[PDB]
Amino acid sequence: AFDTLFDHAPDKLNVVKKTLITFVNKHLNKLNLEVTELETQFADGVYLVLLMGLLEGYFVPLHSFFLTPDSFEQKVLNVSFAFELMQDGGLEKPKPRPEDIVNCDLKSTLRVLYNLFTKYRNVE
């Protein structure tokens, strides 16, 4: 379903990528953070954690994740934790492994972001 939007409408895939960049910036800009590149800027898990707190209205204590991850393992832990926050918020367990996000799997990244977008479009 998402993979048709990914593969066999490459100009729609670019529309999805443009819509997702608009959405994540509406929230992350409040922290003076800007996203220009979906293929790498969510791979270390930090922006996903910050985005979930912006979308669901909480702060994430800095001892709960790695704000500046120093290893592949810490990025995996960040993404895993962000996945837990998503499930805390009502989303079903995300499809990709946390390693898939850290490895900049473009498809795994937009699927996670688009499910965030589907749920939180109207959050101000």
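Numbering starts at 1 and follows the sequence shown. Think of the rigid core as the biggest set of C-alphas that the two forms share within 1.5 Å after superposition.
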property	result
RMS CA shift, core-fitted in 8 other deposited structures of this protein, bigger for 5 to 13 or for 19 to 27	5 to 13
16 to 24 versus 98 to 106 - greater average Cα B-factor per the deposited record	16 to 24
Higher-B stretch (mean Cα B-factor, as the entry records it), 115 to 123 or 1 to 9	1 to 9
From 84, 44, 70, 92, residue of greatest CA B-factor	92
